[PDB]
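**Q** So I've got this file, model09.cif, and it contains mmCIF, C-alpha atoms:
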data_coords
loop_
_atom_site.label_atom_id
_atom_site.label_comp_id
_atom_site.auth_asym_id
_atom_site.auth_seq_id
_atom_site.Cartn_x
_atom_site.Cartn_y
_atom_site.Cartn_z
CA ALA A 25 52.90 51.25 97.72
CA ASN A 26 55.47 50.48 95.01
CA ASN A 27 58.80 52.29 95.36
CA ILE A 28 62.28 52.16 93.85
CA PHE A 29 64.36 52.57 97.02
CA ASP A 30 66.16 49.76 98.82
CA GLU A 31 65.18 48.36 102.21
CA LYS A 32 67.30 50.76 104.29
CA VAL A 33 67.10 54.52 103.67
CA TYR A 34 68.84 57.37 105.47
CA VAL A 35 66.63 60.47 105.77
CA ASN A 36 68.00 63.89 106.73
CA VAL A 37 65.54 66.77 107.11
CA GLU A 38 66.61 70.43 107.37
CA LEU A 39 64.48 73.56 107.71
CA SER A 40 65.13 77.18 106.84
CA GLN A 41 65.94 80.04 109.20
CA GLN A 42 62.87 81.16 111.19
CA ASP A 43 62.34 83.16 114.38
CA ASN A 46 57.27 81.16 115.28
CA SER A 47 60.02 78.55 115.05
CA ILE A 48 58.46 75.10 115.54
CA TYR A 49 59.70 71.51 115.62
CA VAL A 50 58.64 69.54 112.55
CA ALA A 51 61.92 68.11 111.28
CA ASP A 52 61.59 64.70 112.96
CA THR A 53 57.90 64.57 112.07
CA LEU A 54 58.80 65.07 108.40
CA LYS A 55 61.45 62.34 108.64
CA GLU A 56 59.12 59.77 110.19
CA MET A 57 56.38 60.81 107.76
CA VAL A 58 58.32 60.26 104.53
CA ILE A 59 59.92 57.00 105.66
CA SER A 60 56.46 55.63 106.51
CA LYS A 61 55.24 56.70 103.05
CA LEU A 62 58.28 55.02 101.44
CA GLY A 63 57.56 51.77 103.31
CA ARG A 64 61.23 51.25 104.15
CA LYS A 65 63.11 51.15 107.44
CA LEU A 66 65.29 54.02 108.64
CA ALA A 67 69.05 53.51 108.84
CA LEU A 68 72.14 55.43 109.88
CA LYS A 69 73.90 57.49 107.22
CA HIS A 70 76.86 55.16 106.72
CA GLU A 71 74.78 52.00 107.17
CA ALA A 72 72.19 52.92 104.52
CA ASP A 73 71.77 51.96 100.88
CA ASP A 74 70.07 55.17 99.71
CA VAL A 75 70.10 58.70 101.10
CA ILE A 76 67.33 61.31 100.89
CA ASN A 77 68.11 64.90 101.87
CA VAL A 78 65.03 67.07 102.37
CA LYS A 79 65.03 70.80 103.03
CA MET A 80 61.79 72.68 103.61
CA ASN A 81 61.89 75.96 101.72
CA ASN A 82 59.66 78.91 100.81
CA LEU A 83 57.32 78.30 103.74
CA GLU A 84 54.62 80.98 103.53
CA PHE A 85 51.20 81.74 105.00
CA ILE A 86 49.08 83.44 102.33
CA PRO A 87 45.77 85.12 103.29
CA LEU A 88 42.79 83.51 101.56
CA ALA A 89 39.85 85.43 103.04
CA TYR A 90 39.08 88.52 105.13
CA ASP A 91 36.18 89.36 107.42
CA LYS A 92 33.98 92.46 107.11
CA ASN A 93 36.65 94.64 108.78
CA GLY A 94 39.65 93.45 106.75
CA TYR A 95 41.11 91.04 109.32
CA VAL A 96 42.56 87.86 107.84
CA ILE A 97 40.34 84.89 108.68
CA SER A 98 41.73 82.17 106.38
CA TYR A 99 45.31 81.25 105.47
CA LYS A 100 46.87 79.03 102.82
CA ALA A 101 50.17 77.62 104.05
CA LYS A 102 52.44 76.45 101.27
CA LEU A 103 56.01 75.28 101.08
CA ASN A 104 58.50 73.42 98.94
CA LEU A 105 60.48 70.34 99.84
CA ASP A 106 63.87 70.38 98.11
CA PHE A 107 65.13 66.82 97.58
CA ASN A 108 68.64 65.50 97.00
CA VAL A 109 68.50 61.73 96.52
CA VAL A 110 71.64 59.61 96.30
CA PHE A 111 70.83 55.98 95.50
CA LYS A 112 73.04 52.96 96.14
CA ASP A 113 74.19 53.13 92.51
CA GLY A 114 75.55 56.66 92.94
CA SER A 115 73.11 58.44 90.63
CA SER A 116 71.63 61.69 91.95
CA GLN A 117 68.28 63.39 91.39
CA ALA A 118 67.75 66.94 92.64
CA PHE A 119 64.24 68.34 92.41
CA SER A 120 61.51 69.89 94.55
CA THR A 121 57.82 69.34 95.15
CA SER A 122 55.14 71.63 96.53
CA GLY A 123 52.31 71.31 99.03
CA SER A 124 49.68 73.50 100.64
CA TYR A 125 47.05 73.49 103.37
CA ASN A 126 44.14 75.87 104.00
CA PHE A 127 42.93 76.61 107.54
CA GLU A 128 40.71 79.17 109.25
CA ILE A 129 41.73 81.43 112.12
CA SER A 130 39.89 83.80 114.44
CA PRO A 131 40.06 87.44 113.26
CA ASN A 132 43.25 89.33 114.20
CA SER A 133 44.70 86.59 116.37
CA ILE A 134 48.17 85.08 116.19
CA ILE A 135 48.55 81.71 114.50
CA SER A 136 49.08 79.20 117.29
CA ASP A 137 52.03 76.84 117.33
CA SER A 138 49.56 73.96 116.99
CA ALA A 139 48.05 75.52 113.86
CA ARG A 140 51.54 76.20 112.47
CA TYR A 141 52.65 72.61 113.11
CA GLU A 142 49.58 71.01 111.53
CA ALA A 143 49.71 73.34 108.50
CA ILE A 144 53.36 72.45 107.87
CA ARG A 145 52.69 68.75 108.52
CA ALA A 146 49.78 68.58 106.09
CA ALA A 147 51.43 70.62 103.34
CA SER A 148 54.60 68.55 103.69
CA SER A 149 52.48 65.40 103.55
CA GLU A 150 51.10 66.49 100.16
CA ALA A 151 54.59 67.42 98.95
CA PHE A 152 55.91 63.97 99.90
CA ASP A 153 53.07 62.28 98.01
CA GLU A 154 54.14 64.05 94.82
CA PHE A 155 57.75 63.18 95.62
CA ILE A 156 56.70 59.51 95.72
CA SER A 157 54.96 59.66 92.35
CA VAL A 158 57.93 61.48 90.79
CA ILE A 159 60.15 58.54 91.74
CA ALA A 160 57.80 55.71 90.75
#
Starting from the coordinates I provided, produce the structure as structure tokens.
**A**
Amino acid sequence: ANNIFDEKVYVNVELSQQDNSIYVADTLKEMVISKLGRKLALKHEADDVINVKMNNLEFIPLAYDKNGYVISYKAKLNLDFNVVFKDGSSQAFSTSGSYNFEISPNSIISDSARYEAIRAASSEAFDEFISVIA
């Protein structure tokens, strides 16, 4: 738990166009700020600013049953980061994350399964974001 940010960080999370559209943006915000160990702050009251945009969200089939129905998915995504520190320096880079889950044959991925897959993959992506900065 050793980070380079200052005590107050402003976090803005955007997601790409989708329409299966689920709410995760505020989950991602509260997730990364808890990983960073700092306290959230308003944009013009903050020392540092992190802009996060989830991109390339995809559900890739991992396994099929005897009939050819998909029974296992790998969700993966990128988080595109634009960090502006208190100094003014900027780092733009992305990290990746993925999450494998099973599903009943030829059913539709529930909103709960979609949420948890995005949450978990984003969680992994944030972890690599942390290590990139430290």
**Q** Which residues, named as in the file, does the PyMOL selection byres ((chain A and resi 127) around 8) pick out? Answer as a VMD selection string.
**A** chain A and resid 98 to 100 125 to 126 128 to 129 143
**Q** Residues picked by the PyMOL selection byres ((chain A and resi 119) around 12) here, as a compact mmCIF listing (two decimals) with C-alpha atoms, in the coordinates of the input?
**A**
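Result written to part_3.txt:
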# COMPACT_ATOMS: atom_id res chain seq x y z
CA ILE A 76 67.33 61.31 100.89
CA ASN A 77 68.11 64.90 101.87
CA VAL A 78 65.03 67.07 102.37
CA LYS A 79 65.03 70.80 103.03
CA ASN A 104 58.50 73.42 98.94
CA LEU A 105 60.48 70.34 99.84
CA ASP A 106 63.87 70.38 98.11
CA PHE A 107 65.13 66.82 97.58
CA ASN A 108 68.64 65.50 97.00
CA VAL A 109 68.50 61.73 96.52
CA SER A 116 71.63 61.69 91.95
CA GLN A 117 68.28 63.39 91.39
CA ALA A 118 67.75 66.94 92.64
CA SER A 120 61.51 69.89 94.55
CA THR A 121 57.82 69.34 95.15
CA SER A 122 55.14 71.63 96.53
CA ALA A 151 54.59 67.42 98.95
CA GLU A 154 54.14 64.05 94.82
CA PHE A 155 57.75 63.18 95.62
CA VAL A 158 57.93 61.48 90.79
CA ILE A 159 60.15 58.54 91.74
**Q** Can you pull out every residue within 12 Å of residue A:64, counting all atoms listed in the file, but drop anything in the same chain fewer than 2 positions away, and send it as an MDAnalysis selection string?
**A** chainID A and resid 25:35 55:62 66:67 72:75
**Q** Select from stretch 49-154 of chain A every residue with an atom at most 9 Å from any atom of stretch 40-43 of chain A, then for each give the shortest pair of atoms and their distance in Å to one decimal, using only C-alpha atoms, rows by chain and rising number, as a tab-separated table.
**A**
residue	atom	partner	partner_atom	distance
A:79	CA	A:40	CA	7.4
A:80	CA	A:40	CA	6.5
A:81	CA	A:40	CA	6.2
A:82	CA	A:40	CA	8.3
A:83	CA	A:40	CA	8.5
**Q** Identify all residues satisfying the PyMOL selection byres ((chain A and resi 102) around 6) in the given file; provide them as a PyMOL selection string.
**A** chain A and resi 83-84+101+103+123-124
**Q** Could you please determine the separation between atom CA of residue A:53 and atom CA of residue A:145 in Å, to one decimal place?
**A**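 Going from atom CA of residue A:53 over to atom CA of residue A:145 covers 7.6 Å.
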**Q** Please provide as an MDAnalysis selection string all residues within 10 Å of residue A:130, with the sequence filter that same-chain residues fewer than 3 positions apart are discarded (counting only C-alpha atoms).
**A** chainID A and resid 91 95:98 133:135
**Q** Work out how far apart atom CA of residue A:36 and atom CA of residue A:148 are and give it in Å to one decimal.
**A** 14.5 Å
**Q** Please give the centre and size of the box around stretch 142-150 of chain A (axis-aligned, containing every atom listed in the file, 4 Å added per side), with values in Å to one decimal and written as lines of an AutoDock Vina configuration file.
**A**
center_x = 52.1
center_y = 69.4
center_z = 105.8
size_x = 13.0
size_y = 15.9
size_z = 19.4
